[PDB]
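For reference, the structure is listed below as structure tokens.
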Amino acid sequence: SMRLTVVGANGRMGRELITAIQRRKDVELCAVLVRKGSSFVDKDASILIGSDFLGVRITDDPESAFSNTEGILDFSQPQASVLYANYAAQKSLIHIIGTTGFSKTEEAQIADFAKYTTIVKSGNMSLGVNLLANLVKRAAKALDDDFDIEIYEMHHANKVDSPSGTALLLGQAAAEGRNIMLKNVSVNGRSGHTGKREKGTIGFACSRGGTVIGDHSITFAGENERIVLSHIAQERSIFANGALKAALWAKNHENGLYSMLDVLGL
Amino acid sequence: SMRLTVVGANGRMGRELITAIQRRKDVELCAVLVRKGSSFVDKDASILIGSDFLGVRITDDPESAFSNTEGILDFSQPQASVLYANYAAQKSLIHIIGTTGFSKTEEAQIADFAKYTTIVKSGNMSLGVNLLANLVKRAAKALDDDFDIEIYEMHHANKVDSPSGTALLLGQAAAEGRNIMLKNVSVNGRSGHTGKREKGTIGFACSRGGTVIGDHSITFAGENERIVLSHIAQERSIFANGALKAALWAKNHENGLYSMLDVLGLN
Amino acid sequence: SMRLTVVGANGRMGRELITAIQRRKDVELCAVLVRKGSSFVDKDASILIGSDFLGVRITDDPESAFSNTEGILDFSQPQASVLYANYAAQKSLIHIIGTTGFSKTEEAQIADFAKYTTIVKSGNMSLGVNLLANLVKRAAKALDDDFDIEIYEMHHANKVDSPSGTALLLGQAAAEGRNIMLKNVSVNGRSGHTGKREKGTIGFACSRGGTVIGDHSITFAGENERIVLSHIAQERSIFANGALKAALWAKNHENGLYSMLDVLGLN
Amino acid sequence: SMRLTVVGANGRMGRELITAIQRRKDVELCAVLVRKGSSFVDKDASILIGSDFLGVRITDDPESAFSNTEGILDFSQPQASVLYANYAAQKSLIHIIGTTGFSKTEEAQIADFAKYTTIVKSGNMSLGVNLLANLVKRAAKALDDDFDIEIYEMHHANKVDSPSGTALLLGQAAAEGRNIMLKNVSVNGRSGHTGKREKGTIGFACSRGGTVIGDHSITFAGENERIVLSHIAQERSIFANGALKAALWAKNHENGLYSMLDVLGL
Ligand SMILES: NC(=O)c1ccc[n+]([C@@H]2O[C@H](COP(=O)([O-])OP(=O)(O)OC[C@H]3O[C@@H](n4cnc5c(N)ncnc54)[C@H](OP(=O)(O)O)[C@@H]3O)[C@@H](O)[C@H]2O)c1
Ligand SMILES: NC(=O)c1ccc[n+]([C@@H]2O[C@H](COP(=O)([O-])OP(=O)(O)OC[C@H]3O[C@@H](n4cnc5c(N)ncnc54)[C@H](OP(=O)(O)O)[C@@H]3O)[C@@H](O)[C@H]2O)c1
Ligand SMILES: [Cl-]
Ligand SMILES: [Cl-]
Ligand SMILES: [Cl-]
Ligand SMILES: [Cl-]
Ligand code: NA
Ligand code: NA
Ligand code: NA
Ligand code: NA
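Next up, the structure:
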């Protein structure tokens, strides 16, 4: 049984990770971290998921949360995750990073930390999205830039980052298929533009509303036809279980920065 | 069979109107009017659409164009449309007005002319778009603002306006339903922002690619359910189809100033 | 805060109702009623949903369940619901009835009891599903039958009914709008047929796969345009949310027999 | 310039083929066939597409239509197309068959005729659908039968055959990815069924209405997620131009029965 610590524990994904660890025999909940000053500090982890007593006391202290564990499961917030990757480097812990919305400097620091430990970082832990990204790359290679690539997503009202990490991951697969660089061709929010569409660009549109877990669609819009490739997440458990799969894969793996592709195949 | 005159005939909807009238038995093209000094004056109407000879000689004289007709189909210019509405009042002709850009004074005159004849005036003449707008307004009134309103549209690569005019029309339907002002609550391209969504706002997302004629979708996204209302345009001829419905509905209707909501039976 | 009793509590919507009431401040669980001799009698209501102790002891006595409450939330059985409607009439309690299968006599009695209290009765209690039905009926009336009506739904692999009950409800909305009888115009699975589509029919296509909670889409497909009206369910809790809206709306409303259309403001 | 004859000339696809041949320099309209007793017989082909005089007189006689030509372009009706494939065999003409809805015997006869001439037969002439079929095969191989495959399509009110030929082609790609046989696992119209879904089956749902040129969607519905792959045809010109591309490819090719995959790559 792998011993795992859940950070951002009171968040949507945090609670979902605790629920998933509890229903499985192959992973063990050994610590739960929340922010300093949280009313959950000192309570039993059971309170986060309405379960039976777990015998795991919630802490706000990373030293405590990380003292007797084999891995960190982290869907939280970008500044927090860089901080936890440093702890992961210092203490030689595996770090599963689901968090999205990192800057370039943050990503550079996470790469530094991957020199000292094993880190699986991915903007989507689901099997379906990782297959979709592959299909989008093949599509973007088979269809030349007479087919305009346009990426749409919808998520719940409280999502902080846009485009989603999944959208960016899908855009990067499309850019690879086209042998171009995403940063050179991406256009966020055509809604706030005037002009002819520029050929070869990849557009991003994003809706935010209600409680939607996550829809993503990539349209290839050519002359009198469209190919549309899509993914619909029904619930967050798919990402919780992808993270657990990544933890188990990382356990005795060598140091480095890895993706769900590495975990899955693929 | 209803006799119709198409005005602004070398302009935006003129060819579509003439094409649509030519293929139906229930409407008859009896006149075609163009701007003063047009190359098309004195040519047969067939030259505008590449058909066989139609027996209708294009004119730039409104006196001739309206001399023996039952309705005016008009997607031209505001000042021309006020003039033609006066002809419609004087001669008891129905007037389908798809023109946009009217001043307040011009709108008051059109209201005057509606005392004497039947006028149907709408900036968008698609049966489906006007239906959708009405359903959107109804949904926006029925659902509290714990249902978030997000509006999406997709159009061909070369489209200039963004968001589309139809998106804006749909947005204004939602704002009306919610008793708020579109201009205070609208957010364009959440893609280019960070942070939680602000309550009661209406988002607009726009996609541009390929040759898409026009898709519009309004999502009402609430607690664990969504309602999604969409219009998918296949051909630009839909605006001529609606204009003709409006003409046929207007023919023996009582005088007044009407919209496509009236043509659809939605008041 | 409105005090509510959940009946049929070990049955279909009972747990969802209790869960939904527990997480809100504006409604208070004051009683829980189960069938005579249930294992759950005398247990705390928490045992039904695995929460902490709620201070509400489950009973099988309607006299106790209705002794000090303001409304009855009821997704149980017809004969029980008629009885509870009598309690609601005698005690001036609102009654939200999601029960189905009533006889004509039972429906007449419920109509009697609505002279003395406020009853909201609908076979489906989702705010979004009832809205959608209304918009479908409006669209079916507004668009002539040169717009073809096709109904699609998708549900999880294990779903028994096909087409879904919600699909049938939506179909009946369309039939009403068109002034026709669903049973004469419905076509199930055009997949298993050959030949042109017959005018005025309403088609039903059903997909089964995976864990999908329930997607429904109505297409009105006319000459070169389509209108598409959809409901997407995320969680089964939507039926409890609607039932609670109905309860809150019913509380100080005048007596009568109402539907979710009334709760939504759509008459 | 390749000399081509259009059969089923007054049909939707027939007219579209004539329009496409006329706008191109590399193909030449040399004959136009309609049914016996059609009012179009003896008129100039221009009447079918509202063009300028083409100097091609419409005939109802196959002997005449097929006497001085290099190929037959055929989107018509299954009995008619088997008849024309026989003429194609007898006269050594290439035959591009877009028609769908063939029985097994009809398909067996078309295979016989392919011994004597070159026949490209395909239920969809568009580039997008042939790429989509490939993506569906890869998807169906990457995702095991915990992902339920469900195919949906919508076409105009007057379409005769259901499911569409495109739906069947997509179902066959899915069956190959799953290493199963379509005929063993297909279920048409679940609407008229009661029961649990049977594992490994591929379902087909079809709407018919208005003027829709053709939408197709393949859903892979797993545990708490769906992948959906789709194609939207905007107009019939894409199929007319795919047929012309097939004619040009078939011109000096050896005898046999071929698909748009062969024409395209692919
Ligand atoms: N890769 C994937 O498959 C996947 C799937 C789903 C979501 N995501 C991503 O995962 C992230 C979290 O999503 P979510 O919806 O669960 O967000 P959420 O509900 O907002 O959860 C955020 C959690 O992070 C904690 N946190 C933030 N800053 C912190 C700090 N400085 N120190 C300690 N704790 C801190 C929050 O605590 P407080 O409550 O104290 O603020 C909270 O527990 C997002 O970036 C999202 O895009 C990824
Ligand atoms: N592979 C593709 O990419 C593709 C694309 C589009 C359509 N399709 C398929 O192509 C076929 C035609 O589609 P469509 O919409 O063009 O159909 P349509 O408009 O009904 O055209 C049918 C044509 O076939 C003619 N025809 C039928 N039986 C005949 C006979 N016994 N002898 C002579 N002529 C005969 C008809 O003549 P009358 O008017 O005299 O009956 C008409 O000209 C369908 O099977 C459709 O599924 C394939
Ligand atoms: Cl998220
Ligand atoms: Cl003009
Ligand atoms: Cl019970
Ligand atoms: Cl077809
Ligand atoms: Na465990
Ligand atoms: Na006419
Ligand atoms: Na409560
Ligand atoms: Na040519």
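Protein chains in written order, with the working numbering: chain A, 125 to 390; chain B, 286 to 552; chain C, 286 to 552; chain D, 125 to 390. A virtual CB, placed ideally from N, CA and C, is assigned to each residue, including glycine.
Would you say residue i lies against chain D (beta-carbon separation less than 8 Å)?
i	result
B/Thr496	yes
B/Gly507	no
C/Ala350	no
A/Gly247	no
Could you work out which residue in the options is closest to residue i when comparing CA atoms only?
i	options	result
B/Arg521	B/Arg300, B/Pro347, B/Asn537	B/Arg300
B/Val414	C/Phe505, C/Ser324, C/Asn415, C/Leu416	C/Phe505
C/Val312	C/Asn552, C/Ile503, C/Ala528	C/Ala528
D/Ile337	D/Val260, D/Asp184, D/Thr290	D/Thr290
D/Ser125	D/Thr224, D/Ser331, D/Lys283, D/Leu153	D/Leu153
D/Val156	D/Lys149, D/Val206, D/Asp198	D/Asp198
D/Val130	D/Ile182, D/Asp386, D/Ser162	D/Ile182
D/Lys261	D/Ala281, D/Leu293, D/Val284, D/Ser286	D/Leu293
D/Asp269	D/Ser315, D/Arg350, D/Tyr276	D/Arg350
A/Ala144	A/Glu230, A/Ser175, A/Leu255	A/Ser175
Consider the C-beta atom of residue i and the heavy atoms of ligand 3; say whether any pair is separated by less than 7 Å.
i	result
A/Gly334	no
B/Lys400	no
Looking at the C-beta of residue i, does it have a partner C-beta in chain A at a distance below 8 Å?
i	result
C/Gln519	yes
D/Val352	yes
D/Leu294	no
C/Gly335	yes
B/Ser522	no
For residue i, would you say it is in contact with chain B, using Cβ-to-Cβ distances shorter than 8 Å as the test?
i	result
C/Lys426	yes
D/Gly338	no
C/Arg309	no
A/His377	no
Measuring only from the beta carbon, is residue i closer than 7 Å to any heavy atom that is part of ligand 10?
i	result
D/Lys369	no
D/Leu153	yes
So with Cβ pairs under 8 Å, would you call residue i a contact of chain C?
i	result
B/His516	yes
B/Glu435	no
residue 232 of chain B	This structure gives no information on residue 232 of chain B, because the portion of chain B shown stretches from 286 to 552.
B/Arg423	yes
Say the cut is 7 Å; is the CB of residue i nearer than that to a heavy atom of ligand 4?
i	result
B/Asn295	yes
B/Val319	yes
B/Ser323	yes
Does the distance from the CB of residue i to the CB of residue j come in under 8 Å?
i	j	result
D/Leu381	D/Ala238	yes
B/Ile487	B/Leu514	no
A/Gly132	A/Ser200	yes
D/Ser383	D/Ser246	yes
D/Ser288	D/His279	yes
B/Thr479	A/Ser331	no
A/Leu217	A/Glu194	yes
D/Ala357	D/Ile220	no
D/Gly334	C/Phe432	yes
D/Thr241	D/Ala213	yes
D/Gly222	D/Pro202	no
A/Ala374	D/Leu259	no
Is there at least one non-hydrogen atom of ligand 8 closer than 7 Å to the beta-carbon of residue i?
i	result
B/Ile381	no
B/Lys310	yes
Can we count residue i as close to ligand 9, meaning its CB is less than 7 Å from some heavy atom?
i	result
D/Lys261	no
### Task
Could I get the ranges of all uninterrupted beta strand (DSSP E) runs contained in the stretch 407 to 484 of chain C, with 3 residues as the minimum, in chain order?
Residue ranges of uninterrupted beta strand (DSSP E) with 3 or more members, entirely inside the stretch 407 to 484 of chain C and ordered along the chain, are 433 to 440, 471 to 473.
#### Entry: Unbroken stretches of the alpha helix (DSSP H), 4 residues or longer, contained in the stretch 127 to 183 of chain D
Those alpha helix (DSSP H) runs which fall completely within the stretch 127 to 183 of chain D and span 4+ residues are 136 to 146.
### Message
Runs of 3 residues minimum, wholly inside the stretch 480 to 549 of chain C: which ones carry the beta strand (DSSP E) assignment?
### Response
As far as the stretch 480 to 549 of chain C is concerned, its whole beta strand (DSSP E) runs of at least 3 residues are 487 to 493, 499 to 507, 510 to 518, 541 to 543.
### Message
To test your reading of the DSSP string, which unbroken beta strand (DSSP E) runs of 3 or more residues are found completely within the stretch 190 to 228 of chain D?
### Response
195 to 198, 218 to 221, all fully within the stretch 190 to 228 of chain D.
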